[PDB]
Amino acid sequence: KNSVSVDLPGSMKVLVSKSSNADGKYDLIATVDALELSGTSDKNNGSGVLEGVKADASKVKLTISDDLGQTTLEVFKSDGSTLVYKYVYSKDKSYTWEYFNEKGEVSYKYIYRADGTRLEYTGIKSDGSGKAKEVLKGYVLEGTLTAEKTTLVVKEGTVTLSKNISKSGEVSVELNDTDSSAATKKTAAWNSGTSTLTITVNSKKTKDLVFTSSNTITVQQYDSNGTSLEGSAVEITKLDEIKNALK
């Protein structure tokens, strides 16, 4: 065979001709779950566009970025005008699936992060609102979506912890406690550089909750004066431990 195989970031395979044709372009072939796609490219690294048509006449397009770092697989209605499905691998980043309704609006989105943690958005409406779930190792956080941000909520007693994720992926966390007693009301402050929520009760720092770049949470207590950390930070592995930290 006059082709060579390329195993892309994200593990889709594309066959590229060893040499170019009279137009200087290379032939591309790929098989995506049993359907063969074909195209040509002015590069020979596996980048470019491939197309095919499903048995039901849906149009399929595979687009591989010039640096190989991004793979997009799109399925459209039979006239090619409206998306039905879009998968994107973003190298060392995430696998994302979008499903679209008949107007070509996203109705469902699932993000599988490189670290194995996930985000799922359901019942997405025209104003960009919806329901949100984050799937971490050991526990699930539930919340909501707006056009501004995702807000995941954990409640314990009179305390509500809100983990916000901006449209750019930036995490910030807020805490509100309806308790009005100085002895027991939790309040918190957020350090955006270290992604740390420091909780204070009765004028004394009690705990730091760190929201790590690995999409885990750690908790560490302060001493009885609130003026030094004590022990060592402990990675949370269950929902009960988040709730315990909010007591």
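Residue indices: 1-based, along the sequence shown.
Asker: Look over 1 to 9 and 236 to 244 in the entry and identify the one with the greater average Cα temperature factor.
Answerer: Averaged over C-alpha atoms, the B-factors run higher in 1 to 9.
Asker: Could you settle it for me: does 124 to 132 or 72 to 80 have the higher average Cα B factor in the PDB entry?
Answerer: Mean CA B-factor is higher for 124 to 132.
Asker: Between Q220, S38, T187, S203, which one tops the list for Cα B-factor in this entry?
Answerer: Each of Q220, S38, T187, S203 was compared by C-alpha B-factor; the highest is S203.
Asker: Based on the PDB record, which member of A57, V60, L209, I64 exhibits the highest Cα temperature factor?
Answerer: Highest C-alpha B-factor among the listed options: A57.
Asker: Would you please rank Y139 by its C-alpha temperature factor against the other modelled residues of its chain and give the third it falls in: lowest, middle or highest?
Answerer: Bottom third by C-alpha B-factor.
Asker: Sorting the chain's CA B-factors, does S166 end up in the lowest, middle or highest third?
Answerer: Highest third, going by the recorded CA B-factors of the chain.
Asker: Lowest, middle or highest third: where is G104 by Cα B-factor in its chain?
Answerer: Ranked within chain, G104 CA B lands in the highest tercile.
Asker: Sorting by Cα B-factor within the chain, modelled residues only, which third would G52 end up in: lowest, middle or highest?
Answerer: For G52, the deposited C-alpha B-factor lands in the middle third.
Asker: Ranking the modelled residues of this chain by C-alpha B-factor as given in the entry, is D92 in the lowest, middle or highest third?
Answerer: Within its chain, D92 is a highest-third residue by C-alpha B-factor, going by the deposited values.
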